[PDB]
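What follows is entry.tsv (TSV, C-alpha atoms).
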```
chain	number	residue	atom	x	y	z
A	1	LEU	CA	42.73	117.66	191.35
A	2	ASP	CA	41.16	114.64	189.68
A	3	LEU	CA	39.44	116.09	186.63
A	4	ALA	CA	42.40	118.38	186.18
A	5	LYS	CA	44.92	115.54	186.17
A	6	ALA	CA	42.75	113.61	183.74
A	7	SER	CA	42.63	116.43	181.23
A	8	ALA	CA	46.30	117.26	181.70
A	9	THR	CA	47.68	113.83	180.93
A	10	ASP	CA	45.08	113.18	178.24
A	11	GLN	CA	45.98	116.48	176.62
A	12	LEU	CA	49.78	116.50	176.64
A	13	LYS	CA	49.46	112.98	175.36
A	14	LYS	CA	47.23	113.95	172.44
A	15	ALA	CA	49.34	117.01	171.67
A	16	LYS	CA	52.36	114.77	171.41
A	17	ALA	CA	50.28	112.52	169.19
A	18	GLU	CA	49.27	115.01	166.54
A	19	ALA	CA	52.73	116.52	166.85
A	20	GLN	CA	54.39	113.31	165.77
A	21	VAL	CA	51.56	112.75	163.31
A	22	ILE	CA	52.47	115.92	161.47
A	23	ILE	CA	56.19	115.28	161.91
A	24	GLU	CA	55.88	111.96	160.12
A	25	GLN	CA	53.60	113.53	157.53
A	26	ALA	CA	56.12	116.25	156.71
A	27	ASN	CA	59.02	113.82	156.76
A	28	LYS	CA	56.94	111.90	154.26
A	29	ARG	CA	56.83	115.10	152.23
A	30	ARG	CA	60.60	115.72	152.28
A	31	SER	CA	60.74	112.14	151.09
A	32	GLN	CA	58.12	112.87	148.45
A	33	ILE	CA	60.05	115.83	147.08
A	34	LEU	CA	63.53	114.31	147.28
A	35	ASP	CA	61.95	111.43	145.42
A	36	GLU	CA	60.56	113.70	142.71
A	37	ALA	CA	63.91	115.48	142.60
A	38	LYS	CA	65.67	112.15	142.31
A	39	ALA	CA	63.39	111.41	139.37
A	40	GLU	CA	64.38	114.72	137.83
A	41	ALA	CA	68.11	114.02	138.15
A	42	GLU	CA	67.38	110.69	136.52
A	43	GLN	CA	65.75	112.44	133.57
A	44	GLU	CA	68.75	114.72	133.30
A	45	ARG	CA	71.40	112.00	133.20
A	46	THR	CA	69.18	110.31	130.65
A	47	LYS	CA	69.19	113.17	128.17
A	48	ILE	CA	72.88	113.96	128.77
A	49	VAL	CA	74.34	110.49	128.28
A	50	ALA	CA	71.96	110.17	125.32
A	51	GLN	CA	72.77	113.12	123.07
A	52	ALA	CA	76.32	112.52	124.21
B	1	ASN	CA	10.11	104.94	259.64
B	2	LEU	CA	13.52	106.17	258.51
B	3	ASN	CA	14.20	109.06	256.13
B	4	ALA	CA	15.43	106.56	253.54
B	5	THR	CA	15.11	108.67	250.37
B	6	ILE	CA	18.64	109.90	249.66
B	7	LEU	CA	19.98	106.36	249.95
B	8	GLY	CA	18.00	105.03	246.99
B	9	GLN	CA	18.51	108.23	245.05
B	10	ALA	CA	22.25	107.91	245.67
B	11	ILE	CA	22.69	104.26	244.70
B	12	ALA	CA	20.56	104.77	241.60
B	13	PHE	CA	22.83	107.76	241.02
B	14	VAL	CA	25.82	105.40	241.14
B	15	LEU	CA	24.71	102.57	238.86
B	16	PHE	CA	22.78	104.97	236.65
B	17	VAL	CA	25.64	107.47	236.67
B	18	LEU	CA	27.67	104.63	235.18
B	19	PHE	CA	25.10	103.45	232.64
B	20	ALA	CA	24.15	106.94	231.49
B	21	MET	CA	27.58	108.58	231.44
B	22	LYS	CA	28.82	105.49	229.63
B	23	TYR	CA	26.00	105.44	227.09
B	24	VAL	CA	26.12	109.07	226.03
B	25	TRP	CA	29.82	109.83	226.46
B	26	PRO	CA	31.31	107.55	223.76
B	27	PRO	CA	28.75	108.60	221.16
B	28	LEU	CA	29.24	112.31	221.81
B	29	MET	CA	33.02	112.03	221.72
B	30	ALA	CA	32.92	110.00	218.51
B	31	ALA	CA	30.68	112.82	217.30
B	32	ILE	CA	33.30	115.40	218.29
B	33	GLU	CA	36.22	113.66	216.63
B	34	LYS	CA	33.71	112.64	213.99
B	35	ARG	CA	33.15	116.32	213.18
B	36	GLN	CA	36.54	117.94	213.67
B	37	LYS	CA	38.11	114.78	212.25
B	38	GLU	CA	35.53	114.98	209.47
B	39	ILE	CA	35.98	118.42	207.92
B	40	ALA	CA	39.60	117.92	208.88
B	41	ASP	CA	40.22	114.47	207.42
B	42	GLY	CA	38.54	115.40	204.17
B	43	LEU	CA	40.46	118.65	203.92
B	44	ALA	CA	43.83	117.00	204.52
B	45	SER	CA	43.48	113.98	202.28
B	46	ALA	CA	42.03	116.33	199.69
B	47	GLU	CA	45.08	118.54	200.11
B	48	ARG	CA	47.37	115.62	199.39
B	49	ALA	CA	44.98	115.00	196.51
B	50	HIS	CA	45.05	118.46	194.97
B	51	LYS	CA	48.75	119.05	195.53
B	52	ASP	CA	49.85	115.64	194.31
```
Here is the file; what I need is its structure written in the form of structure tokens.
Amino acid sequence: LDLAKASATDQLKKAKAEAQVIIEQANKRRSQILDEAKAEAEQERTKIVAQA
Amino acid sequence: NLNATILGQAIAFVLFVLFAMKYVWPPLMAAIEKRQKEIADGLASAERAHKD
């Protein structure tokens, strides 16, 4: 009962922890991309308005 | 001049019946309930423990 309970809580806890850890990491990636993309769109408008 | 034995044996059997029966009885009973109540008590509380 005791050791069990200890490992169970400790575990599901930690699992949650890394889970969110990744989640935030990835979210940070989608941000990273959509940032880079945003940059790209910037470059595009630049050229367009320019030669225009 | 009188037989006189069984009298002393009998009175000593009274007071000593009391002292002896008294002395041993409580310990042996507390040993009984100590034992049954022992394996028992542990098992039960430990059942609450494991289950819970």
Discussion item. What does the structure give for the distance between CA of residue 13 in chain B and CA of residue 26 in chain B, in Å to one decimal?
Written reply: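 These two atoms are separated by 19.2 Å.
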Worksheet entry | Distance in Å - CA of residue 45 in chain B versus CA of residue 1 in chain A |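 Straight-line distance from CA of residue 45 in chain B to CA of residue 1 in chain A works out to 11.6 Å.
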Discussion item. For a quick test of understanding: name the residues of chain B lying within 12 Å of chain A when counting all atoms listed in the file, and present them as a VMD selection string.
Written reply: chain B and resid 45 to 52
Item to complete: Take CA of residue 13 in chain A and CA of residue 29 in chain A and report the distance between them in Å, one decimal.
Response: 24.4 Å
Please define a box with edges along x, y and z of the file around all atoms of range 33-50 of chain A given in the file, extend it by 3 Å on each side, and return its centre and edge lengths in Å to one decimal, as JSON.
```
{"center_x": 67.2, "center_y": 113.0, "center_z": 136.3, "size_x": 20.3, "size_y": 11.7, "size_z": 28.0}
```
Which residues of range 13-36 of chain A come within 12 Å of range 41-49 of chain A, and for each one, what is the closest pair of atoms and their distance in Å to one decimal, counting all atoms listed in the file, sorted by chain and residue number, as a tab-separated table?
```
residue	atom	partner	partner_atom	distance
A:34	CA	A:41	CA	10.2
A:35	CA	A:41	CA	9.9
A:36	CA	A:41	CA	8.8
```
